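Structure file start-v3.csv (CSV, C-alpha atoms) follows.
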chain,number,residue,atom,x,y,z
F,1,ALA,CA,106.4,-55.8,-32.3
F,2,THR,CA,103.5,-54.2,-34.1
F,3,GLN,CA,103.2,-53.7,-37.8
F,4,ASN,CA,100.8,-50.7,-37.5
F,5,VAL,CA,103.8,-48.3,-36.9
F,6,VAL,CA,107.2,-48.5,-38.4
F,7,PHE,CA,110.7,-46.9,-37.5
F,8,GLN,CA,113.8,-46.2,-39.4
F,9,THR,CA,116.5,-43.7,-39.4
F,10,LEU,CA,117.5,-41.4,-42.3
F,11,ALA,CA,121.3,-41.0,-42.5
F,12,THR,CA,122.7,-37.5,-43.0
F,13,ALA,CA,125.8,-36.0,-44.4
F,14,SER,CA,126.6,-34.5,-40.9
F,15,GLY,CA,126.7,-37.9,-39.2
F,16,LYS,CA,123.5,-37.3,-37.3
F,17,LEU,CA,120.4,-39.3,-37.8
F,18,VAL,CA,116.8,-38.3,-38.4
F,19,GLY,CA,114.4,-40.8,-36.7
F,20,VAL,CA,111.3,-41.4,-38.9
F,21,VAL,CA,108.1,-42.8,-37.5
F,22,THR,CA,105.6,-44.1,-40.1
F,23,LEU,CA,102.0,-45.0,-39.0
F,24,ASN,CA,101.0,-47.9,-41.1
F,25,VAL,CA,97.3,-48.9,-41.2
F,26,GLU,CA,96.6,-47.3,-44.6
F,27,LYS,CA,93.3,-49.4,-44.5
F,28,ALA,CA,92.1,-47.5,-41.4
F,29,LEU,CA,93.7,-44.2,-42.5
F,30,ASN,CA,96.5,-44.7,-40.0
F,31,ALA,CA,94.1,-44.8,-37.1
F,32,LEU,CA,96.0,-44.6,-33.8
F,33,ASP,CA,95.5,-47.6,-31.4
F,34,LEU,CA,97.3,-48.5,-28.2
F,35,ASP,CA,100.0,-50.8,-29.6
F,36,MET,CA,101.1,-48.0,-31.8
F,37,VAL,CA,101.0,-45.7,-28.8
F,38,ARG,CA,103.3,-48.1,-26.9
F,39,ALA,CA,105.7,-48.8,-29.7
F,40,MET,CA,106.0,-45.0,-30.4
F,41,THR,CA,106.6,-44.0,-26.8
F,42,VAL,CA,109.1,-46.8,-26.5
F,43,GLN,CA,111.1,-45.7,-29.7
F,44,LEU,CA,110.7,-41.9,-29.2
F,45,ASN,CA,112.0,-42.2,-25.6
F,46,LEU,CA,115.1,-44.1,-26.9
F,47,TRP,CA,115.6,-41.5,-29.6
F,48,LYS,CA,115.2,-38.5,-27.3
F,49,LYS,CA,118.3,-39.5,-25.3
F,50,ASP,CA,120.3,-40.7,-28.3
F,51,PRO,CA,122.9,-38.0,-29.1
F,52,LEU,CA,123.2,-39.2,-32.7
F,53,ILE,CA,119.5,-38.5,-33.1
F,54,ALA,CA,119.1,-34.8,-34.2
F,55,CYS,CA,115.4,-34.7,-35.2
F,56,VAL,CA,112.3,-36.8,-35.4
F,57,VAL,CA,109.7,-37.0,-38.2
F,58,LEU,CA,106.2,-38.3,-38.0
F,59,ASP,CA,104.3,-39.4,-41.1
F,60,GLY,CA,101.6,-41.8,-42.3
F,61,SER,CA,101.6,-44.4,-45.0
F,62,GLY,CA,99.7,-43.9,-48.3
F,63,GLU,CA,98.4,-40.7,-49.8
F,64,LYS,CA,95.1,-40.0,-48.1
F,65,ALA,CA,95.9,-39.5,-44.4
F,66,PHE,CA,98.6,-38.7,-41.9
F,67,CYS,CA,96.3,-40.0,-39.2
F,68,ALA,CA,92.4,-39.7,-39.2
F,69,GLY,CA,91.8,-40.4,-35.5
F,70,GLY,CA,92.0,-42.9,-32.7
F,71,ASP,CA,90.8,-46.4,-33.2
F,72,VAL,CA,88.0,-46.4,-30.8
F,73,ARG,CA,86.6,-49.9,-31.6
F,74,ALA,CA,88.1,-51.8,-28.6
F,75,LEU,CA,87.2,-48.8,-26.4
F,76,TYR,CA,83.7,-48.8,-27.7
F,77,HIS,CA,83.4,-52.5,-26.9
F,78,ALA,CA,84.9,-52.5,-23.4
F,79,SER,CA,82.8,-49.4,-22.5
F,80,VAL,CA,79.5,-50.9,-23.4
F,81,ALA,CA,80.2,-54.1,-21.5
F,82,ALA,CA,80.7,-52.4,-18.2
F,83,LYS,CA,77.7,-50.1,-18.7
F,84,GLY,CA,78.2,-46.9,-16.7
F,85,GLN,CA,81.3,-48.0,-15.0
F,86,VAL,CA,84.7,-46.4,-15.7
F,87,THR,CA,87.0,-49.0,-17.3
F,88,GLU,CA,90.7,-49.8,-17.1
F,89,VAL,CA,90.5,-50.1,-20.9
F,90,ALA,CA,89.6,-46.4,-21.1
F,91,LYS,CA,92.0,-45.3,-18.5
F,92,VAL,CA,94.9,-47.2,-20.1
F,93,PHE,CA,94.0,-45.9,-23.6
F,94,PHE,CA,93.8,-42.2,-22.6
F,95,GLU,CA,96.6,-42.1,-20.1
F,96,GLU,CA,99.0,-43.6,-22.5
F,97,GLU,CA,97.9,-41.7,-25.5
F,98,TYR,CA,98.2,-38.5,-23.5
F,99,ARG,CA,101.7,-39.4,-22.3
F,100,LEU,CA,102.6,-39.8,-25.9
F,101,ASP,CA,101.2,-36.4,-27.0
F,102,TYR,CA,102.9,-34.8,-24.0
F,103,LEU,CA,106.3,-36.4,-24.8
F,104,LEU,CA,106.0,-34.9,-28.4
F,105,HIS,CA,105.4,-31.3,-27.2
F,106,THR,CA,108.3,-31.4,-24.7
F,107,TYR,CA,110.6,-33.5,-26.9
F,108,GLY,CA,113.4,-30.9,-26.9
F,109,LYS,CA,114.8,-32.0,-30.2
F,110,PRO,CA,112.7,-30.9,-33.3
F,111,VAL,CA,109.8,-33.1,-34.2
F,112,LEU,CA,108.6,-32.6,-37.8
F,113,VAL,CA,105.1,-33.8,-38.7
F,114,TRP,CA,104.4,-34.4,-42.3
F,115,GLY,CA,100.7,-33.3,-41.9
F,116,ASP,CA,99.8,-34.0,-45.6
F,117,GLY,CA,96.2,-35.1,-46.1
F,118,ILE,CA,93.8,-36.0,-43.3
F,119,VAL,CA,94.8,-35.1,-39.7
F,120,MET,CA,92.0,-35.4,-37.3
F,121,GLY,CA,91.2,-36.3,-33.7
F,122,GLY,CA,94.0,-38.3,-32.2
F,123,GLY,CA,95.9,-37.6,-35.4
F,124,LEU,CA,95.6,-33.9,-34.7
F,125,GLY,CA,96.8,-34.7,-31.2
F,126,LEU,CA,100.1,-36.1,-32.5
F,127,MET,CA,100.6,-33.1,-34.7
F,128,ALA,CA,99.5,-30.3,-32.3
F,129,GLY,CA,102.5,-30.6,-30.0
F,130,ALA,CA,105.1,-30.9,-32.8
F,131,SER,CA,107.8,-28.1,-33.2
F,132,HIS,CA,107.7,-28.3,-37.1
F,133,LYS,CA,104.0,-28.7,-38.2
F,134,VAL,CA,103.9,-29.1,-42.0
F,135,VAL,CA,100.7,-29.0,-44.1
F,136,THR,CA,100.1,-29.3,-47.9
F,137,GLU,CA,97.4,-28.4,-50.5
F,138,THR,CA,95.6,-31.6,-49.5
F,139,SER,CA,95.7,-31.2,-45.7
F,140,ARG,CA,92.3,-31.4,-44.0
F,141,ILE,CA,92.4,-31.0,-40.3
F,142,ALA,CA,89.6,-31.1,-37.7
F,143,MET,CA,88.5,-32.3,-34.3
F,144,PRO,CA,85.2,-34.2,-35.0
F,145,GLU,CA,85.0,-35.7,-31.4
F,146,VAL,CA,81.7,-33.8,-30.9
F,147,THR,CA,80.0,-35.9,-33.5
F,148,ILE,CA,80.7,-39.2,-31.6
F,149,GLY,CA,80.0,-37.9,-28.1
F,150,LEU,CA,83.6,-37.3,-27.0
F,151,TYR,CA,85.1,-33.8,-26.8
F,152,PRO,CA,88.2,-32.0,-28.2
F,153,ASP,CA,90.8,-33.8,-26.1
F,154,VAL,CA,94.5,-34.9,-26.8
F,155,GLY,CA,95.6,-31.5,-25.5
F,156,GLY,CA,92.8,-29.4,-27.0
F,157,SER,CA,92.1,-28.1,-23.5
F,158,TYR,CA,95.4,-26.3,-23.9
F,159,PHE,CA,95.8,-25.5,-27.6
F,160,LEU,CA,92.2,-24.5,-28.3
F,161,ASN,CA,92.2,-21.8,-25.7
F,162,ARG,CA,95.4,-20.4,-27.1
F,163,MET,CA,93.9,-19.7,-30.6
F,164,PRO,CA,92.5,-16.3,-31.8
F,165,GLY,CA,89.4,-15.1,-30.0
F,166,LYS,CA,86.7,-17.9,-29.9
F,167,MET,CA,88.2,-20.0,-32.7
F,168,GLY,CA,89.0,-23.0,-30.6
F,169,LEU,CA,85.4,-23.2,-29.2
F,170,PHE,CA,83.9,-23.0,-32.8
F,171,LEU,CA,86.3,-25.8,-34.0
F,172,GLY,CA,85.4,-28.0,-31.2
F,173,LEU,CA,81.6,-27.5,-31.4
F,174,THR,CA,81.3,-27.7,-35.2
F,175,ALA,CA,84.1,-30.1,-36.4
F,176,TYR,CA,84.9,-27.6,-39.1
F,177,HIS,CA,87.4,-29.0,-41.7
F,178,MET,CA,90.3,-26.6,-41.8
F,179,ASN,CA,92.6,-26.4,-44.8
F,180,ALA,CA,96.3,-25.5,-44.7
F,181,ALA,CA,95.4,-21.8,-44.8
F,182,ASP,CA,93.1,-22.3,-41.8
F,183,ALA,CA,95.6,-24.3,-39.9
F,184,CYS,CA,98.5,-21.8,-40.3
F,185,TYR,CA,96.2,-18.9,-39.2
F,186,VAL,CA,95.1,-20.6,-36.0
F,187,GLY,CA,98.7,-21.9,-35.1
F,188,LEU,CA,98.2,-25.6,-35.8
F,189,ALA,CA,100.7,-25.4,-38.6
F,190,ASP,CA,104.1,-23.8,-38.9
F,191,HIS,CA,105.0,-24.3,-42.5
F,192,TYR,CA,103.2,-24.9,-45.8
F,193,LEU,CA,104.6,-27.2,-48.6
F,194,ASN,CA,103.0,-29.2,-51.4
F,195,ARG,CA,102.5,-33.0,-51.3
F,196,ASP,CA,104.8,-33.6,-54.2
F,197,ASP,CA,107.7,-31.8,-52.1
F,198,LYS,CA,108.0,-34.7,-49.7
F,199,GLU,CA,111.0,-36.1,-51.5
F,200,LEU,CA,112.8,-32.7,-51.6
F,201,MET,CA,112.1,-32.2,-47.9
F,202,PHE,CA,113.9,-35.5,-47.0
F,203,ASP,CA,116.8,-34.7,-49.5
F,204,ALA,CA,117.2,-31.3,-47.6
F,205,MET,CA,117.2,-33.1,-44.2
F,206,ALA,CA,119.9,-35.4,-45.3
F,207,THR,CA,122.1,-32.5,-46.2
F,208,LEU,CA,121.0,-30.1,-43.4
F,209,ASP,CA,123.9,-28.8,-41.2
F,210,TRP,CA,122.7,-30.6,-38.0
F,211,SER,CA,124.4,-29.6,-34.8
F,212,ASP,CA,124.6,-30.6,-31.1
F,213,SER,CA,122.2,-27.7,-30.1
F,214,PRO,CA,118.4,-28.5,-30.2
F,215,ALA,CA,117.6,-24.7,-30.6
F,216,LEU,CA,120.1,-24.1,-33.4
F,217,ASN,CA,118.7,-27.3,-35.2
F,218,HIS,CA,115.2,-25.9,-34.7
F,219,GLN,CA,116.3,-22.7,-36.4
F,220,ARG,CA,118.1,-24.5,-39.2
F,221,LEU,CA,115.1,-26.8,-39.8
F,222,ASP,CA,112.7,-23.8,-40.1
F,223,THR,CA,115.0,-21.9,-42.4
F,224,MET,CA,115.3,-25.2,-44.4
F,225,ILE,CA,111.5,-25.6,-44.8
F,226,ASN,CA,111.2,-21.8,-45.3
F,227,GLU,CA,113.2,-21.9,-48.6
F,228,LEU,CA,111.4,-25.0,-50.0
F,229,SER,CA,108.2,-23.1,-49.0
F,230,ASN,CA,108.7,-20.1,-51.4
F,231,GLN,CA,108.9,-22.7,-54.2
F,232,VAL,CA,105.4,-24.3,-53.9
F,233,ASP,CA,103.6,-24.6,-57.2
F,234,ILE,CA,100.1,-24.5,-55.5
F,235,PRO,CA,99.6,-21.6,-53.0
F,236,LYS,CA,97.8,-22.2,-49.7
F,237,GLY,CA,95.5,-19.2,-50.6
F,238,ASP,CA,93.2,-17.5,-48.0
F,239,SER,CA,91.9,-18.6,-44.6
F,240,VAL,CA,88.1,-18.7,-44.4
F,241,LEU,CA,88.4,-18.6,-40.6
F,242,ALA,CA,90.8,-15.6,-40.6
F,243,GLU,CA,88.4,-13.8,-42.9
F,244,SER,CA,85.5,-14.7,-40.6
F,245,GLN,CA,87.1,-14.0,-37.3
F,246,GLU,CA,84.8,-11.3,-36.1
F,247,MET,CA,81.6,-13.1,-37.2
F,248,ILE,CA,82.8,-16.3,-35.5
F,249,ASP,CA,83.6,-14.4,-32.2
F,250,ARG,CA,79.9,-13.1,-32.4
F,251,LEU,CA,78.4,-16.5,-32.9
F,252,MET,CA,80.3,-18.0,-30.0
F,253,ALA,CA,79.6,-15.1,-27.6
F,254,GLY,CA,77.7,-15.4,-24.2
F,255,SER,CA,76.7,-18.6,-22.5
F,256,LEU,CA,76.4,-22.0,-24.1
F,257,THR,CA,72.7,-21.4,-24.2
F,258,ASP,CA,73.1,-18.2,-26.3
F,259,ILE,CA,75.4,-20.0,-28.7
F,260,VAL,CA,73.1,-23.0,-29.2
F,261,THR,CA,70.2,-20.7,-29.8
F,262,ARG,CA,72.2,-18.4,-32.1
F,263,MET,CA,73.5,-21.4,-34.1
F,264,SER,CA,70.2,-23.1,-34.5
F,265,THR,CA,68.7,-19.7,-35.4
F,266,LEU,CA,71.0,-18.7,-38.2
F,267,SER,CA,70.6,-19.1,-42.0
F,268,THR,CA,73.5,-18.4,-44.4
F,269,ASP,CA,74.5,-19.1,-47.9
F,270,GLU,CA,78.0,-20.0,-46.7
F,271,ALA,CA,78.2,-23.8,-47.3
F,272,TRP,CA,81.1,-24.1,-44.9
F,273,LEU,CA,79.2,-22.3,-42.2
F,274,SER,CA,75.9,-24.1,-42.6
F,275,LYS,CA,77.5,-27.6,-42.4
F,276,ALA,CA,79.3,-26.4,-39.3
F,277,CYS,CA,76.0,-25.5,-37.8
F,278,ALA,CA,74.4,-28.8,-38.9
F,279,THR,CA,77.4,-30.8,-37.6
F,280,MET,CA,77.3,-29.1,-34.2
F,281,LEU,CA,73.5,-29.5,-33.9
F,282,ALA,CA,73.6,-33.2,-34.6
F,283,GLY,CA,76.3,-33.9,-32.1
F,284,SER,CA,76.1,-34.8,-28.3
F,285,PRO,CA,74.6,-32.1,-26.1
F,286,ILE,CA,77.0,-33.4,-23.3
F,287,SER,CA,79.8,-32.7,-25.8
F,288,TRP,CA,78.7,-29.1,-26.2
F,289,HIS,CA,79.0,-28.7,-22.4
F,290,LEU,CA,82.4,-30.2,-22.3
F,291,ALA,CA,83.8,-28.1,-25.2
F,292,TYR,CA,82.2,-25.0,-23.5
F,293,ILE,CA,83.7,-25.8,-20.1
F,294,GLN,CA,87.1,-26.2,-21.6
F,295,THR,CA,87.0,-22.5,-22.6
F,296,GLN,CA,86.3,-21.5,-19.0
F,297,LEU,CA,89.6,-23.2,-18.1
F,298,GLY,CA,91.4,-20.2,-19.5
F,299,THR,CA,95.2,-20.5,-20.0
F,300,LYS,CA,96.6,-20.7,-16.4
F,301,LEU,CA,97.0,-24.5,-16.4
F,302,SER,CA,100.2,-26.1,-17.7
F,303,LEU,CA,100.1,-28.5,-20.5
F,304,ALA,CA,100.5,-31.4,-18.0
F,305,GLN,CA,97.6,-30.0,-16.0
F,306,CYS,CA,95.4,-30.1,-19.2
F,307,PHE,CA,96.1,-33.7,-19.8
F,308,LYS,CA,95.4,-34.6,-16.2
F,309,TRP,CA,92.1,-32.9,-16.5
F,310,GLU,CA,91.4,-34.7,-19.8
F,311,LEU,CA,92.2,-38.1,-18.5
F,312,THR,CA,89.4,-37.6,-16.0
F,313,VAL,CA,86.8,-36.2,-18.5
F,314,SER,CA,87.6,-38.7,-21.3
F,315,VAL,CA,87.5,-41.6,-18.9
F,316,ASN,CA,84.1,-40.3,-17.6
F,317,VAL,CA,82.4,-39.5,-20.9
F,318,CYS,CA,83.1,-43.0,-22.2
F,319,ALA,CA,81.3,-44.4,-19.2
F,320,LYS,CA,78.5,-41.8,-18.7
F,321,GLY,CA,78.5,-39.5,-21.8
F,322,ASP,CA,77.1,-40.0,-25.3
F,323,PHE,CA,80.3,-41.6,-26.7
F,324,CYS,CA,79.0,-45.2,-26.8
F,325,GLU,CA,75.8,-44.2,-28.7
F,326,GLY,CA,78.1,-41.9,-30.7
F,327,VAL,CA,80.4,-44.8,-31.7
F,328,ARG,CA,77.5,-47.1,-32.2
F,329,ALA,CA,75.8,-44.7,-34.7
F,330,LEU,CA,78.8,-43.6,-36.8
F,331,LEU,CA,81.1,-46.6,-36.5
F,332,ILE,CA,79.6,-50.0,-35.5
F,333,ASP,CA,76.0,-49.9,-36.8
F,334,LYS,CA,76.9,-47.1,-39.2
F,335,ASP,CA,73.2,-45.8,-39.4
F,336,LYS,CA,74.4,-42.4,-38.2
F,337,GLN,CA,71.2,-41.9,-36.2
F,338,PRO,CA,72.5,-41.1,-32.6
F,339,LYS,CA,69.7,-41.0,-30.0
F,340,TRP,CA,71.4,-38.8,-27.4
F,341,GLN,CA,71.0,-39.5,-23.8
F,342,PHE,CA,69.6,-35.9,-23.4
F,343,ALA,CA,67.7,-34.0,-26.1
F,344,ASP,CA,68.9,-30.5,-26.1
F,345,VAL,CA,71.4,-28.2,-24.2
F,346,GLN,CA,69.1,-27.4,-21.3
F,347,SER,CA,68.3,-31.1,-20.7
F,348,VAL,CA,71.8,-32.1,-19.8
F,349,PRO,CA,71.5,-32.1,-15.9
F,350,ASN,CA,74.3,-30.1,-14.2
F,351,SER,CA,74.9,-33.0,-11.8
F,352,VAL,CA,75.8,-35.2,-14.9
F,353,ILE,CA,78.4,-32.7,-16.1
F,354,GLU,CA,79.7,-32.4,-12.5
F,355,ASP,CA,80.1,-36.0,-12.2
F,356,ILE,CA,81.9,-36.2,-15.5
F,357,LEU,CA,84.4,-33.5,-14.2
F,358,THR,CA,85.2,-35.3,-11.0
F,359,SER,CA,88.2,-37.6,-10.7
F,360,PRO,CA,87.0,-41.3,-10.5
F,361,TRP,CA,90.3,-41.4,-8.6
Please express the file's structure as structure tokens.
Amino acid sequence: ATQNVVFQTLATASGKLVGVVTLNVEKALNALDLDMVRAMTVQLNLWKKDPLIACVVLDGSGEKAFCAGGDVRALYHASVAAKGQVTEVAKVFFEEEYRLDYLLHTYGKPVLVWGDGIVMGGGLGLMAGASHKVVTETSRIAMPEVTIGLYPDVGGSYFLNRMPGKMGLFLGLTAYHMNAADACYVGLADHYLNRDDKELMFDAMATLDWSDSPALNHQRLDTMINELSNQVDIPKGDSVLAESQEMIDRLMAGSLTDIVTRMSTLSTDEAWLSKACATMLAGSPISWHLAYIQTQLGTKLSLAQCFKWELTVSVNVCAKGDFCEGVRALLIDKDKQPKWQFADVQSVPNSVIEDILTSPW
């Protein structure tokens, strides 16, 4: 098997079991790779149909991260080799990760994610579907795909559009680092604890009155977290995003052209907002188009339809987008000097975007 993800069951006073998944590459901040994706889908699928299993928990080894993103190394390398040609490596990577995220949203039984610390990219993808999304004083959550020439995938096509006003667009453009307050506000988190409550949360699961009804167990699990939640020693405080909603709807209004001019035009003494600007403006112009097109998708598509659309775009940006230069600059060569295939927003030819949107199958 793989050692990068580990499974065990927590026994409970009721006789039911809680299945616990632990991502285990503390070295790479629990970065999600395909072996993990396979072992997890294999074990989750077994657990889903097992009547002893009442609930599933996802968490990550060490203190720093639940999961900081996908491991895009082997995807970077395959992609470059084939040089403008879609690859089975990509197809397999995305298809299978997306099946995993999908399985998590429609799990039936509760899935609790211990979203303490860093949760980004693919990591955010594992979390975003869960029924019981837990964050802590240390949670930092983001989709930085735009900085490496991808876009906010792993179901973002579905979840981003469902957030207040233009929030999902801003998050995808800017790779804004949300805290626990921010994550609750936008609906990426359901519950707030503190890190040093992990032990008590597991104690409480062992003694929870687990039943044979998924929906009742959902309710009991919320109530359960709810009580531990009044007892946090460190408050989540205020959401910067929530307090800036109207200003963020303004900055994100109109066409992508307005936004890019607005963003590159603004000055502000708000550190959070000026790094957001600078992060957006340094990322892939192709990425800005993709994030922006996602918002035109509206909310009609089912979850499964968003993933199908993403498998197409992801597979195509790796081949023809800025992703390879992105991953060369931040990850392999580490000079963080991307030279993007196109310079600015206008320069990305519409026939490039259109090709990226079209099924290579």
Problem set entry | Given all atoms listed in the file as the counted atoms, nearest of F:111, F:1, F:78, F:42 to residue 59 of chain F | F:111
Would you tabulate, counting only C-alpha atoms, all residues of segment 126-203 of chain F that have an atom at most 6 Å from an atom of segment 264-285 of chain F, showing the closest pair of atoms and their distance in Å to one decimal, sorted by chain then ascending number, as a Markdown table?
| residue | atom | partner | partner_atom | distance |
| --- | --- | --- | --- | --- |
| F:146 | CA | F:283 | CA | 5.5 |
| F:147 | CA | F:283 | CA | 4.4 |
| F:149 | CA | F:284 | CA | 5.0 |
| F:173 | CA | F:280 | CA | 5.4 |
| F:174 | CA | F:280 | CA | 4.4 |
| F:176 | CA | F:276 | CA | 5.7 |
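Among the candidate residues F:178, F:13, F:293, F:256, the one lying nearest to residue 206 of chain F is F:13, with distances computed using only C-alpha atoms.
Atom to atom, atom CA of residue 132 of chain F and atom CA of residue 164 of chain F stand 20.1 Å apart.
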For this session: Might you pull out every residue within 7 Å of residue 172 of chain F, with all atoms listed in the file counted and same-chain residues fewer than 6 positions away left off, and present them as a ChimeraX atom specification?
Result: /F:143,146,152,291
Could those selected residues go to a file with C-alpha atoms, as a PDB file, in the frame of the given file?
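Output file result.pdb follows:
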ATOM      1  CA  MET F 143      88.500 -32.300 -34.300  1.00  0.00           C
ATOM      2  CA  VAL F 146      81.700 -33.800 -30.900  1.00  0.00           C
ATOM      3  CA  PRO F 152      88.200 -32.000 -28.200  1.00  0.00           C
ATOM      4  CA  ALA F 291      83.800 -28.100 -25.200  1.00  0.00           C
TER       5      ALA F 291
END
Seminar exercise, completed: From the list F:22, F:61, F:244, F:14, the nearest residue to residue 167 of chain F using all atoms listed in the file is F:244
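Computed from the coordinates, the atom CA of residue 32 of chain F to atom CA of residue 57 of chain F distance equals 16.3 Å.
Between residue 224 of chain F and the candidates F:236, F:166, F:191, F:308, the tightest atom-to-atom separation, counting only C-alpha atoms, involves F:191.
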Exercise. Which residue, F:49, F:328, F:140, F:83, has the smallest gap to residue 340 of chain F when you use only C-alpha atoms?
Worked result: F:328
Exercise. Counting all atoms listed in the file, what is within 12 Å of residue 34 of chain F, bar same-chain residues fewer than 5 positions away, as a ChimeraX atom specification?
Worked result: /F:2,4-5,39-41,70-75,89-100,122
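Checking F:51, F:204, F:10, F:175 one by one against residue 226 of chain F, counting only C-alpha atoms, you find the shortest gap at F:204.
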For this session: May I have the protein, DNA and RNA residues with an atom at most 12 Å from (79.4, -35.2, -25.6), counting only C-alpha atoms in the file's coordinates, returned as a PyMOL selection string?
Result: chain F and resi 144-153+172-173+280-293+313-314+316-327+338+340-345+348+352-353+356
Atoms are missing here; could segment 214-226 of chain F be completed with N, CA, C and O atoms and written as a PDB file, keeping the file's coordinate frame?
ATOM      1  N   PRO F 214     119.847 -28.421 -29.817  1.00  0.00           N
ATOM      2  CA  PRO F 214     118.400 -28.500 -30.200  1.00  0.00           C
ATOM      3  C   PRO F 214     117.851 -27.190 -30.796  1.00  0.00           C
ATOM      4  O   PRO F 214     117.231 -27.220 -31.881  1.00  0.00           O
ATOM      5  N   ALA F 215     118.119 -26.049 -30.134  1.00  0.00           N
ATOM      6  CA  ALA F 215     117.600 -24.700 -30.600  1.00  0.00           C
ATOM      7  C   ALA F 215     118.172 -24.269 -31.898  1.00  0.00           C
ATOM      8  O   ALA F 215     117.428 -23.746 -32.719  1.00  0.00           O
ATOM      9  N   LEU F 216     119.481 -24.429 -32.108  1.00  0.00           N
ATOM     10  CA  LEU F 216     120.100 -24.100 -33.400  1.00  0.00           C
ATOM     11  C   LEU F 216     119.495 -25.051 -34.530  1.00  0.00           C
ATOM     12  O   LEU F 216     119.271 -24.590 -35.650  1.00  0.00           O
ATOM     13  N   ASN F 217     119.279 -26.335 -34.209  1.00  0.00           N
ATOM     14  CA  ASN F 217     118.700 -27.300 -35.200  1.00  0.00           C
ATOM     15  C   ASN F 217     117.269 -26.906 -35.461  1.00  0.00           C
ATOM     16  O   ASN F 217     116.824 -26.974 -36.615  1.00  0.00           O
ATOM     17  N   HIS F 218     116.553 -26.431 -34.439  1.00  0.00           N
ATOM     18  CA  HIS F 218     115.200 -25.900 -34.700  1.00  0.00           C
ATOM     19  C   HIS F 218     115.249 -24.762 -35.727  1.00  0.00           C
ATOM     20  O   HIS F 218     114.453 -24.782 -36.697  1.00  0.00           O
ATOM     21  N   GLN F 219     116.154 -23.797 -35.523  1.00  0.00           N
ATOM     22  CA  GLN F 219     116.300 -22.700 -36.400  1.00  0.00           C
ATOM     23  C   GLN F 219     116.711 -23.105 -37.842  1.00  0.00           C
ATOM     24  O   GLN F 219     116.165 -22.633 -38.843  1.00  0.00           O
ATOM     25  N   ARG F 220     117.661 -24.025 -37.923  1.00  0.00           N
ATOM     26  CA  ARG F 220     118.100 -24.500 -39.200  1.00  0.00           C
ATOM     27  C   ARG F 220     117.003 -25.264 -39.942  1.00  0.00           C
ATOM     28  O   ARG F 220     116.857 -25.130 -41.157  1.00  0.00           O
ATOM     29  N   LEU F 221     116.177 -25.979 -39.177  1.00  0.00           N
ATOM     30  CA  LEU F 221     115.100 -26.800 -39.800  1.00  0.00           C
ATOM     31  C   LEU F 221     113.996 -25.816 -40.321  1.00  0.00           C
ATOM     32  O   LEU F 221     113.551 -25.973 -41.455  1.00  0.00           O
ATOM     33  N   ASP F 222     113.608 -24.807 -39.544  1.00  0.00           N
ATOM     34  CA  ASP F 222     112.700 -23.800 -40.100  1.00  0.00           C
ATOM     35  C   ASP F 222     113.217 -23.060 -41.308  1.00  0.00           C
ATOM     36  O   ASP F 222     112.498 -22.948 -42.305  1.00  0.00           O
ATOM     37  N   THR F 223     114.454 -22.598 -41.272  1.00  0.00           N
ATOM     38  CA  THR F 223     115.000 -21.900 -42.400  1.00  0.00           C
ATOM     39  C   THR F 223     114.923 -22.864 -43.648  1.00  0.00           C
ATOM     40  O   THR F 223     114.575 -22.453 -44.759  1.00  0.00           O
ATOM     41  N   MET F 224     115.243 -24.128 -43.388  1.00  0.00           N
ATOM     42  CA  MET F 224     115.300 -25.200 -44.400  1.00  0.00           C
ATOM     43  C   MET F 224     113.901 -25.328 -45.090  1.00  0.00           C
ATOM     44  O   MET F 224     113.812 -25.326 -46.309  1.00  0.00           O
ATOM     45  N   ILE F 225     112.854 -25.455 -44.289  1.00  0.00           N
ATOM     46  CA  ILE F 225     111.500 -25.600 -44.800  1.00  0.00           C
ATOM     47  C   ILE F 225     111.107 -24.271 -45.435  1.00  0.00           C
ATOM     48  O   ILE F 225     110.504 -24.256 -46.521  1.00  0.00           O
ATOM     49  N   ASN F 226     111.470 -23.175 -44.776  1.00  0.00           N
ATOM     50  CA  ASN F 226     111.200 -21.800 -45.300  1.00  0.00           C
ATOM     51  C   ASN F 226     111.582 -21.660 -46.771  1.00  0.00           C
ATOM     52  O   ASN F 226     110.763 -21.167 -47.550  1.00  0.00           O
TER      53      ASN F 226
END
